[PDB]
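Inside the fold
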Amino acid sequence: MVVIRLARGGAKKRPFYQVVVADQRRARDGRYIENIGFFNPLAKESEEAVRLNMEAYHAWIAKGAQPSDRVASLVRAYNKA
Amino acid sequence: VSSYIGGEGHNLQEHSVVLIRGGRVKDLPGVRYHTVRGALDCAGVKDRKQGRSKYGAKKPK
Amino acid sequence: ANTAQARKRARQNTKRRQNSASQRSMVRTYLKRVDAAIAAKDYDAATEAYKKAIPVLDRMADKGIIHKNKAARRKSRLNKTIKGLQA
Amino acid sequence: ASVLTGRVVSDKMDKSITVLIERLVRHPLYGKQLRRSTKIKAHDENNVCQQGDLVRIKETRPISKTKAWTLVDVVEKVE
Amino acid sequence: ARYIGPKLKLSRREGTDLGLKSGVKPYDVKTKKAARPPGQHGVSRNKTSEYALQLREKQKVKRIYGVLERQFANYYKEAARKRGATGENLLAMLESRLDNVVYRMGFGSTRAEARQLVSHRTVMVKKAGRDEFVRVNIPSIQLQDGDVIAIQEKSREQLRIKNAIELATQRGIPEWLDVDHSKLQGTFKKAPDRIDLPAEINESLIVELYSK
RNA sequence: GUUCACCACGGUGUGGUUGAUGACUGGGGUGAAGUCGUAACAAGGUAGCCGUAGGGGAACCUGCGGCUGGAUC
RNA sequence: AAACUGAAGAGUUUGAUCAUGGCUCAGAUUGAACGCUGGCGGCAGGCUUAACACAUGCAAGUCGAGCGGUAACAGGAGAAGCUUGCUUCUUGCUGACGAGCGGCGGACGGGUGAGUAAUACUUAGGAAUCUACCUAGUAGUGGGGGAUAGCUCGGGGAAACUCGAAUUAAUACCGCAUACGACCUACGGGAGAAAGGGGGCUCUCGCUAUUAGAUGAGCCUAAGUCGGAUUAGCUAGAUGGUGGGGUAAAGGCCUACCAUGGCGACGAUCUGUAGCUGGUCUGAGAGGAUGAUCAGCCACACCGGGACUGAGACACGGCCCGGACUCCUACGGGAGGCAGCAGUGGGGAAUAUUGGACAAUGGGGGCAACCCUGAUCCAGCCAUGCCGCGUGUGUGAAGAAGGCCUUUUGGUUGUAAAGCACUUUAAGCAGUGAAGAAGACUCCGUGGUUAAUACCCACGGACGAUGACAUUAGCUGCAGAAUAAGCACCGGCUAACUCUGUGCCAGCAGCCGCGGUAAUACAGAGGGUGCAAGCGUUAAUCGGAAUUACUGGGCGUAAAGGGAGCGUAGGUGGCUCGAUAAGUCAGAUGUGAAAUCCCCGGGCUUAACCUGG
């Protein structure tokens, strides 16, 4: 199926994820369908930590995509603020 | 191929295993390679002091 | 095979392949009667062979022995050849 | 959809023609436009058009091994 | 790596005072030299060439600021990509180095001692906007407009710093630096202009040297 | 199960292409104060050169046509 | 606002000159190797050769909430020999669970670049298809049957395994009954499913038929895409048509017949070489070279061939047959495939650990608990590269000694050293100590559901179970200059010069060249120059080379006009008035993946690096 999951970039011991809509069988950092934002695990109190295109996130949910347990909680604690 | 042994004095004889680098000798017809001195079986030069690395000579203590 | 599961898959494959090949042979057998009756230009023999092959064809196509597309194409292309044989 | 115009250079196949499409390809280094030409077999069902005609053809599903274009208009005819 | 050997040798080879020694006494009497470059021969025949004038000019700046070839060529590569004059930009980025900034603010007698102070975590930097200092052991830190510099709480009683301010007062304090001796705290208000920098360093020779 | 059809292996023959070698032989190049001459550069002591043919130890010579990239006139 | 910034020449032909013209050099770069040397850290990178052969361990399992069950382990209840606190035997009763049937997964993820010059790749489109799991629906899930693995009984085999008889369960298998769709139709009608499990009649996980999405896959078209003509003709299922077959699907994909077509100097055919792209290096650019690491696509999995199961494979750790090689054997027969991750032998100039954890991000199975994951996250080794820091800092002259040169007394090494005054980065020792963690479970409340205050789902709180890295990063103390400099070069190009030895020798050399008894060129010294934990050499690419000239060259004599013509393909082409709008130009839309390059910013102590637009 299609999943909304994180794709790891950044550097060694400085992870920076991009939340991405991909076919589930592709490698985590390989081919995807659409990039809909990013997540900085280590970010300051004065810098954009989580960004997520909520319009395309809802479109992909209604379209068939299945979020992971990390992006689901990220959106959960990102839309409450 | 035929190669040139650089430096003063060497220990090479029949059935000696050498490392060979590029570089042609101008005044020697036919010679087109140099023997790296100090690599495998070709020893470094004995009393070399100035350009030691080019002749495989350890730093004298 | 180098794992118990690959070995199980192989011995399951032999059983499933025997069971499916018997039904594949059955489909071929029931279509042979229709083709042979068409060969000797016999509308009644071809029709009575065709009528008793449709249930077999569509039952094996629903089981997965042949594709539904193949079953439909065979039905249509044998009906079009029988009807033109002095409908 | 994807229409293409050209002259008929062969009609000696049943329900089939060969159309010569010409194009101007520009040289990547010297920048002059060479005129190049490809032979494309088209499907002419009623077998009407003759060689020397201008014809329009469109891409369709393949009809044969080397034929996937079909005739739609004979815009010009041999004089 | 940095140069460790003698400095008057360098000054004599460049033919000018590089400020490598302290100003506690005049450069002429500190060495009774600079009329001749070092070595057996010194002043020579067979006059120099365009490449010699360019090489010596580049070595002059490199030896003044204590920056080796690799870092200095990175400086020139950055300066030729920033907008404006390449030599002006290279002088600005050599002047914005943390060790040079603390030397000009006067906490160190020479740029070598200023770099020695910076390296040993005796200088805290406060980035513009940030409400905090941070101890920084990196002499090559580029300071932007408004960065604050202060002396460590456990090194304000240094004797070398206290005799470095009184030399800075005798030498002059730049106007792009706002230094207060009361709590050993300066502010880098702006990178210096080419008109503020001395008009005896031909950065044009450095720019023409880094063009093959 | 049998048999036929398709077909992989493998086999047979006869060619093509190409690598390494080969007695001997052709020319090319390099290397010394070698041998034979002196063909060219001056009108180089028969102006030289181009094509071609014949001849000659060797540079070359000769014929026929051509050129001036020929001095003395 | 910005992405708009970039271009050097020198030596060498001559007695000298100008030109021509080759050679050579100064630059940048690398998955580099070698030589000399070597302190640290961050981030990267690391078999380029043998797609050579591979010892050993690991890289694909999971589900008992589908099923019979009980081999092991642990409990529970009773039998209690009780040996009085020793202790055993019955039971699947429970947590669970080997083997077995069954499902899903194993077609992903990972590796390699052999083949492939075009079923490839890139760009742009297209129609004649299939698509497990996912989303939103629709019609259902009714009723039977015969088996069979394990388990038995008896054999055969050294093993691998195997044969026969009997026989049990299922969401295994096969009829029958129905069918909103869907399939066939001559459109009158025909045919075609399913399976149950679980939680308290409901809900939930499934199954069946199908629609629409999404995802993926197959298929087609056009354009582009290496060298050779000392390879010019190539094709007979070949090119087209029909009838038929075949496929999920178009199609000579196959076949019978009919026609004689198709392709080619715009390079067919044949040959050599090659995975392609984004990109990478170089360059002012245009170009040239290249296709490691990262990402996309393709191909392959010891070699040749065939298929099965499946939504998907002609399947890397699946099957069958054949082959080479390797191993076991009781000689009858068997087994195997690191181009997965470590690692070995070998080849080579040359490329690392037989490490840890699933904590994070993903992936497989499961209702969950949880299990698996050499993907991945980390750690180890290596100056292989990039970036960063250090090896101290000031002050110190009758300018000590020593070395070297020298006119024999000066100069130089040189504030250099010694002495004095301080400092402790990094390393070492001792403490402290974030963040990577997403808050599972459990409790409460609310909403949906329902016959229900159950169960289940969704939401809102409380709670702190979870860290390989790890003795973390960072921060704070202690001690003491203590632990830390080498390499190349110095005739010119090209920054830096003198002695001594040698004597066309020994030797150097990129080029010009040097060496013949006073060598700034050899070897050693002193001094100096450039780089610096690196420095040189070699290999390789572009540059300089306007030296293939598109940008941007030439051809009277320097290399270069075909002996001359006629002419085919082709290239190019007068004036005027119209048409068209293909080239051309402009606009709009779609696309041109992300990363990279560049600009503006943000975060690492800075930088490299990461990252938003």
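Per the conventions used, each chain is numbered from 1 along its written sequence, independently of whether this matches the entry, and residues without coordinates are not displayed. Here chains are named by letter from A upward and ligands by number from 1 upward, in the order in which they appear as written. Part of a larger assembly is what these chains represent; accordingly, every value refers to the shown part. Side-chain descriptors were evaluated using all non-hydrogen atoms of the structure, hydrogens and water having been removed beforehand. Residues with missing side-chain atoms are left out of burial classes, side-chain pairs and their counts.

Method information in the entry identifies cryo-EM as the source of the structure, with 2.6 Å recorded as the resolution.

This part covers the pattern of salt bridges. All names here are of chain D. Here, a salt bridge means any side-chain nitrogen of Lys or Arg that lies within 4 Å of a carboxyl oxygen of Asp or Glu. Under the defined criterion, the tally for this structure stands at 20 salt bridges over all chains. Ionic pairing is found between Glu-45 and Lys-15, a salt bridge with its closest N-O pair at 3.5 Å. Of this pair, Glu-45 sits in the loop between β3 (33-43) and β4 (54-64) while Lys-15 sits in the loop between β1 (3-13) and β2 (16-26), placing them 30 residues apart in sequence. Relative accessibility decides the category of a residue: with a 1.4 Å probe and only protein chains considered, values under 20% of the type maximum give buried, values over 50% give exposed, and everything between is partly exposed. Residue classification places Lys-15 among the partly exposed positions, given a relative accessible area of 36%. Strands are runs of DSSP state E lasting at least 2 residues, helices are runs of H or I lasting at least 4, and numbering of each runs from the N terminus.

Residues and elements named next belong to chain C. Contact geometry for helix α2 (residues 43-51) and helix α4 (residues 68-83): axes closest at 10 Å, N-to-C directions at 160°. Taken together, the axis directions place α2 and α4 in an arrangement best described as roughly antiparallel. Considering only the axes of α2 and α4, their crossing is left-handed. Across the interface between the two elements, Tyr-43, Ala-46, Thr-47 and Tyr-50 from α2 touch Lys-75, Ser-76, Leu-78, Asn-79, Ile-82 and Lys-83 from α4. Only C-alpha atoms enter the line fits that serve as axes; for helices the fit covers just the stretch in contact. Angles between N-to-C directions range over 0 to 180 degrees. Throughout this description, any angle smaller than 35 degrees is read as roughly parallel, any larger than 145 degrees as roughly antiparallel, any in the 65 to 115 degree range as roughly perpendicular, and the remainder as oblique. Two helices that cross are described as forming a left-handed crossing if the nearer one is turned anticlockwise from the farther one by less than a right angle, and a right-handed crossing if clockwise. By the convention used here, residues are in contact when the closest approach between their heavy atoms is within 4.5 Å.

Residue and element names in this part refer to chain E. Regarding helix α7 (residues 111-119), the residues found buried are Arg-111, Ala-114, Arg-115, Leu-117 and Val-118. Seen from one end, α7 has its buried residues packed into an arc of 155°, which puts them on one side. Looking at the packing, one finds that the buried side of α7 touches α3 (50-65), α5 (86-95), α6 (98-105), β1 (123-126) and α8 (159-171). To be clear, the arc concerns the directions from the helix axis to the C-beta atoms.

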